[PDB]
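**Student:** Would you mind keeping the following structure in view while I ask a few things?
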Amino acid sequence: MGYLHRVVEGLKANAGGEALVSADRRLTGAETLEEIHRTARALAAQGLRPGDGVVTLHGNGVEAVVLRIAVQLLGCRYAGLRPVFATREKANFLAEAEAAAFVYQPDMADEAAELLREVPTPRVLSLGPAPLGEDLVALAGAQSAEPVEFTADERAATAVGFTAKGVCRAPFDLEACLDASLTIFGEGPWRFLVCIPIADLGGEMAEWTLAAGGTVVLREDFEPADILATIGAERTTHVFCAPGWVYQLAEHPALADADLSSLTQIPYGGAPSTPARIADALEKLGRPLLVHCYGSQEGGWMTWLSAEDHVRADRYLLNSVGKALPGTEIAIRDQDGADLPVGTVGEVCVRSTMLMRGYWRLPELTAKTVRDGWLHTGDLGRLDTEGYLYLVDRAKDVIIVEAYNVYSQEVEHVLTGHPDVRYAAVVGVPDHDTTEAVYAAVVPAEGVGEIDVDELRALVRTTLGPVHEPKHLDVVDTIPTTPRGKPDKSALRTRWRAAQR
């Protein structure tokens, strides 16, 4: 058994039905498994052993999934360049990757040249006929479809996902991730719309979709009109979305008429969500679909918020990423690294069998990052007693000054406690080039004449420490608020930013 055992088992399970689907080609589990075996054989022929690095430059086609899996079957290291990266960044990735092969989609030959020019690589192959190297699809066609058993170290990296640096994953932790996927997404066959690069997260999600006996529906990227069409046309059960995408789906005029019956779930994540707009989306979908996932290449799946937990009447949880997965442990830690009680804000630190094997060729930063089995995620948040995780909103609630975290509520509370101040709003605003500064607006109390701004600066300095001191501090008659009754801190930020003459 193992990760690839699991993928193959799901394909065999699904041999009669659809496994890989795109606008251009359609394969069954039988037809998919054959190509994988053939491709693996062909790659083996070219001279590729376990541990040998295989860099790819492709899109989200069927042959790209076949290749990603095949490379991993041999126990080679698949290293997908996402096409969205700049050529400068790809050349770095390729240079550092110690590649033995380079595999590129035919219509990207322009870029393959730029790269192979700068980083000459052996065994160049093309997914179909193309100017450079040989044609891998042709090589595979001419080849035995006899099964290829997985026979490498289950704990040896077979995938690198790029981020300035590359995250190695081994089958051991990939299976751990697949297990969580069944927790979050449910079990059984999934018709899973993947429009994330197969070069990384999309690839993982395709591997998993297949392992569970499912069909992958591939699109090249997210566009709301496609997708709404694709969902109904392919009777998809799941589409994984960035939060941005969820909003675009919800705001789309085509949505009233689109057929979403097939959907059981719209898992989303990858970036901070906007509670207000998620709530809009809940109303328009008019059904419990949204499931918030919190994950990284480094940490695997860490938490998730069920669909029901988006709409319970007794709690509000749109500011939550939900609770730990089975086998996942979460501590919140001070800038030095001892635990904090529930309720307190710190760095979210995780330990599960889903952690990455490490950063590629960066063994020192790997140790700065995973410390004694515990991933230091660099994200800031708080747990609660019911077990829910809440990541601070970095725009409203933190300010980073000289590499120190300043919390806006802490500064507000201190200012407000001055008898001359009845209300404060504190926000970080862009300063010189790439720094942040603490700005503050305070509302005077009843009868207060003139406010001594310097006194309030001293108060913060000699309560919290020097860095928490507001650089700028305006006395205002009021703080604008949002329609949900929270202080409008982006209005304050925009206003202060624009006035920096």
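Residues are referred to by chain and number: the chain letter is A, B, ... according to the order shown in the structure tokens, the number counts from 1 in that chain, and ligands are numbered separately from 1 in the order shown.
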Hey, what's within 10 Å of residue 420 of chain A if we count only C-alpha atoms and toss same-chain stuff fewer than 4 positions away? As a ChimeraX atom specification, please?
**Tutor:** /A:415-416,442-452,456
**Student:** Just to be explicit: take each residue in the selection above, keep N, CA and C atoms, and write the result as a CSV table (one decimal), in the first residue's frame.
**Tutor:**
chain,number,residue,atom,x,y,z
A,415,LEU,N,-5.1,53.8,24.8
A,415,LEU,CA,-5.5,55.2,24.5
A,415,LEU,C,-6.8,55.5,25.1
A,416,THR,N,-7.8,54.6,25.0
A,416,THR,CA,-9.1,54.8,25.4
A,416,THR,C,-9.2,55.0,26.9
A,442,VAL,N,-8.3,59.4,17.7
A,442,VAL,CA,-8.9,59.3,19.0
A,442,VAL,C,-10.1,60.3,19.0
A,443,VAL,N,-11.1,59.9,19.7
A,443,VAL,CA,-12.3,60.7,19.9
A,443,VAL,C,-12.3,61.3,21.3
A,444,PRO,N,-12.4,62.6,21.5
A,444,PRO,CA,-12.3,63.2,22.8
A,444,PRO,C,-13.6,62.8,23.6
A,445,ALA,N,-13.4,62.8,24.9
A,445,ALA,CA,-14.5,62.5,25.8
A,445,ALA,C,-15.3,63.8,26.1
A,446,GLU,N,-16.3,63.7,27.0
A,446,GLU,CA,-17.2,64.9,27.3
A,446,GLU,C,-16.4,66.0,28.0
A,447,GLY,N,-16.5,67.2,27.5
A,447,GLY,CA,-15.9,68.3,28.2
A,447,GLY,C,-14.4,68.5,27.9
A,448,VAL,N,-13.8,67.5,27.3
A,448,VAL,CA,-12.3,67.6,27.1
A,448,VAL,C,-12.0,68.8,26.2
A,449,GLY,N,-11.1,69.6,26.6
A,449,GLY,CA,-10.7,70.7,25.8
A,449,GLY,C,-9.7,70.3,24.8
A,450,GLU,N,-8.4,70.8,24.9
A,450,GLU,CA,-7.5,70.4,23.9
A,450,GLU,C,-6.8,69.1,24.4
A,451,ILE,N,-6.5,68.1,23.5
A,451,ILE,CA,-5.9,66.9,23.8
A,451,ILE,C,-4.4,67.0,23.7
A,452,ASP,N,-3.6,66.5,24.7
A,452,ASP,CA,-2.2,66.5,24.5
A,452,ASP,C,-1.7,65.2,23.8
A,456,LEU,N,-0.4,61.2,25.1
A,456,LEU,CA,-1.0,59.9,24.6
A,456,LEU,C,0.1,59.0,24.0
**Student:** So how many Å separate atom CA of residue 457 of chain A and atom CA of residue 414 of chain A, to one decimal?
**Tutor:**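 Straight-line distance from atom CA of residue 457 of chain A to atom CA of residue 414 of chain A works out to 10.3 Å.
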**Student:** Let's see if you can do this: from backbone DSSP, list all strand (DSSP E or B) residues in segment 159-267 of chain A, as a ChimeraX atom specification.
**Tutor:** /A:159-162,166-169,191-194,215-218,238-239,241,265-267
**Student:** Would you save the residues of that selection, restricted to C-alpha atoms, as a PDB file, in the first residue's frame?
**Tutor:**
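Dumped to selection.pdb:
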ATOM      1  CA  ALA A 159       7.067  16.383  -5.608  1.00  0.00           C
ATOM      2  CA  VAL A 160       8.326  19.925  -5.256  1.00  0.00           C
ATOM      3  CA  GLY A 161       5.831  22.765  -5.173  1.00  0.00           C
ATOM      4  CA  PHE A 162       7.124  26.296  -5.694  1.00  0.00           C
ATOM      5  CA  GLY A 166      10.331  24.857  -3.111  1.00  0.00           C
ATOM      6  CA  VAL A 167       8.452  22.529  -0.807  1.00  0.00           C
ATOM      7  CA  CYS A 168       9.270  18.829  -1.010  1.00  0.00           C
ATOM      8  CA  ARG A 169       6.518  16.304  -0.323  1.00  0.00           C
ATOM      9  CA  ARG A 191     -16.592  14.956  -9.827  1.00  0.00           C
ATOM     10  CA  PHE A 192     -14.039  17.569  -8.926  1.00  0.00           C
ATOM     11  CA  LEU A 193     -13.518  20.791 -10.886  1.00  0.00           C
ATOM     12  CA  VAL A 194      -9.825  21.616 -10.732  1.00  0.00           C
ATOM     13  CA  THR A 215     -13.458  12.071 -11.948  1.00  0.00           C
ATOM     14  CA  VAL A 216     -11.326  15.173 -12.433  1.00  0.00           C
ATOM     15  CA  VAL A 217     -12.766  17.964 -14.528  1.00  0.00           C
ATOM     16  CA  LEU A 218      -9.882  20.157 -15.706  1.00  0.00           C
ATOM     17  CA  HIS A 238     -16.992  20.077  -6.004  1.00  0.00           C
ATOM     18  CA  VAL A 239     -15.128  23.134  -7.219  1.00  0.00           C
ATOM     19  CA  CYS A 241     -12.023  28.186  -5.117  1.00  0.00           C
ATOM     20  CA  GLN A 265     -19.674  21.586  -1.798  1.00  0.00           C
ATOM     21  CA  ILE A 266     -17.618  24.656  -2.744  1.00  0.00           C
ATOM     22  CA  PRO A 267     -14.421  24.322  -0.657  1.00  0.00           C
TER      23      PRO A 267
END
**Student:** If we count only C-alpha atoms and set the cut-off at 7 Å, which residues sit around residue 212 of chain A, ignoring sequence neighbours fewer than 4 positions away in its own chain? Please answer as a list in words.
**Tutor:**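 Residues meeting the cut-off are residues 10, 188, 189 and 208 of chain A.
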**Student:** Go ahead and compute the interatomic distance for atom CA of residue 7 of chain A and atom CA of residue 366 of chain A, in Å to one decimal.
**Tutor:**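 Computed distance, atom CA of residue 7 of chain A to atom CA of residue 366 of chain A, equals 28.7 Å.
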**Student:** So what do you get for atom CA of residue 211 of chain A versus atom CA of residue 30 of chain A, distance-wise?
**Tutor:**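 Answer for the atom CA of residue 211 of chain A to atom CA of residue 30 of chain A separation: 13.2 Å.
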**Student:** Pick out the closest residue to residue 13 of chain A from this set: A:421, A:196, A:293, A:33. Count only C-alpha atoms.
**Tutor:**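 Nearest candidate to residue 13 of chain A out of A:421, A:196, A:293, A:33: A:33.
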**Student:** Using DSSP on the backbone, list every residue of segment 78-253 of chain A that comes out as alpha helix (DSSP H), and give them as a ChimeraX atom specification.
**Tutor:** /A:87-96,109-118,136-141,171-185,201-211,225-233,243-251
**Student:** Residues within 12 Å of residue 291 of chain A, please, as a ChimeraX atom specification. Count only C-alpha atoms; anything in the same chain fewer than 5 positions from it doesn't count.
**Tutor:** /A:183-186,238-243,246,264-269,273,278,282,303-311,317-318,320-323
**Student:** Which residues are close to segment 114-130 of chain A, i.e. within 9 Å by only C-alpha atoms, leaving aside same-chain residues fewer than 4 positions away? Reply as JSON, numbers by chain.
**Tutor:** {"A": [46, 47, 58, 63, 64, 67, 87, 88, 90, 91, 92, 94, 95, 98, 99, 100, 101, 102, 103, 104, 105, 106, 107, 109, 110, 134, 135, 136, 137, 138]}
**Student:** Within 9 Å of segment 324-328 of chain A, counting only C-alpha atoms, which residues show up once you throw out same-chain ones fewer than 4 positions away? Write them as a PDB file with N, CA and C atoms, in the first residue's frame, please.
**Tutor:**
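Contents of the output file selection08.pdb:
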ATOM      1  N   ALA A 180      -7.203  13.473   4.956  1.00  0.00           N
ATOM      2  CA  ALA A 180      -7.871  14.708   5.331  1.00  0.00           C
ATOM      3  C   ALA A 180      -8.848  15.127   4.237  1.00  0.00           C
ATOM      4  N   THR A 183     -12.020  13.605   4.732  1.00  0.00           N
ATOM      5  CA  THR A 183     -12.679  14.243   5.862  1.00  0.00           C
ATOM      6  C   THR A 183     -13.441  15.484   5.388  1.00  0.00           C
ATOM      7  N   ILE A 184     -12.702  16.454   4.841  1.00  0.00           N
ATOM      8  CA  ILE A 184     -13.216  17.750   4.441  1.00  0.00           C
ATOM      9  C   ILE A 184     -14.245  17.594   3.322  1.00  0.00           C
ATOM     10  N   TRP A 301      -3.310  20.203   5.133  1.00  0.00           N
ATOM     11  CA  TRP A 301      -4.533  20.701   5.732  1.00  0.00           C
ATOM     12  C   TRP A 301      -4.350  20.857   7.243  1.00  0.00           C
ATOM     13  N   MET A 302      -4.826  21.995   7.751  1.00  0.00           N
ATOM     14  CA  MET A 302      -4.649  22.288   9.161  1.00  0.00           C
ATOM     15  C   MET A 302      -6.002  22.455   9.858  1.00  0.00           C
ATOM     16  N   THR A 303      -6.914  23.246   9.282  1.00  0.00           N
ATOM     17  CA  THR A 303      -8.250  23.348   9.838  1.00  0.00           C
ATOM     18  C   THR A 303      -9.245  23.422   8.698  1.00  0.00           C
ATOM     19  N   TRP A 304     -10.533  23.260   9.034  1.00  0.00           N
ATOM     20  CA  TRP A 304     -11.617  23.537   8.103  1.00  0.00           C
ATOM     21  C   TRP A 304     -12.910  23.808   8.857  1.00  0.00           C
ATOM     22  N   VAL A 350       1.862  24.127  14.015  1.00  0.00           N
ATOM     23  CA  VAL A 350       1.110  22.910  13.750  1.00  0.00           C
ATOM     24  C   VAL A 350       2.029  21.695  13.756  1.00  0.00           C
ATOM     25  N   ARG A 351       1.477  20.542  14.171  1.00  0.00           N
ATOM     26  CA  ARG A 351       2.121  19.247  13.979  1.00  0.00           C
ATOM     27  C   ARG A 351       1.110  18.167  13.567  1.00  0.00           C
ATOM     28  N   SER A 352       1.339  17.565  12.384  1.00  0.00           N
ATOM     29  CA  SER A 352       0.536  16.461  11.860  1.00  0.00           C
ATOM     30  C   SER A 352       1.452  15.601  11.003  1.00  0.00           C
ATOM     31  N   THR A 353       0.961  14.433  10.587  1.00  0.00           N
ATOM     32  CA  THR A 353       1.762  13.632   9.676  1.00  0.00           C
ATOM     33  C   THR A 353       1.753  14.294   8.275  1.00  0.00           C
ATOM     34  N   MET A 354       0.978  15.383   8.063  1.00  0.00           N
ATOM     35  CA  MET A 354       0.896  16.036   6.761  1.00  0.00           C
ATOM     36  C   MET A 354       2.011  17.056   6.532  1.00  0.00           C
ATOM     37  N   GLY A 387     -12.568  25.189  20.356  1.00  0.00           N
ATOM     38  CA  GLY A 387     -11.572  24.619  19.450  1.00  0.00           C
ATOM     39  C   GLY A 387     -11.374  25.340  18.098  1.00  0.00           C
ATOM     40  N   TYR A 388     -12.141  26.416  17.840  1.00  0.00           N
ATOM     41  CA  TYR A 388     -12.117  27.143  16.579  1.00  0.00           C
ATOM     42  C   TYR A 388     -10.889  28.044  16.469  1.00  0.00           C
ATOM     43  N   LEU A 389     -10.340  28.155  15.253  1.00  0.00           N
ATOM     44  CA  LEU A 389      -9.197  29.018  14.974  1.00  0.00           C
ATOM     45  C   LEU A 389      -9.667  30.275  14.241  1.00  0.00           C
TER      46      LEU A 389
END
**Student:** So which one's closest to residue 373 of chain A, A:330, A:427, A:8, A:398? Using only C-alpha atoms, please.
**Tutor:**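 Closest to residue 373 of chain A of all the choices is A:330.
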**Student:** Neighbours of residue 2 of chain A within 10 Å (only C-alpha atoms; same-chain residues fewer than 5 positions away dropped), as JSON, numbers by chain?
**Tutor:** {"A": [7, 150, 154, 171, 172, 174, 175]}
**Student:** Could you tell me which of A:361, A:468, A:25, A:287 comes closest to residue 410 of chain A if we count only C-alpha atoms?
**Tutor:**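 With only C-alpha atoms as the atom set, the closest residue is A:468.
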**Student:** Taking only C-alpha atoms into account, which of A:37, A:173, A:82, A:73 comes nearest residue 55 of chain A?
**Tutor:**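 Among A:37, A:173, A:82, A:73, it is A:82 that comes nearest to residue 55 of chain A.
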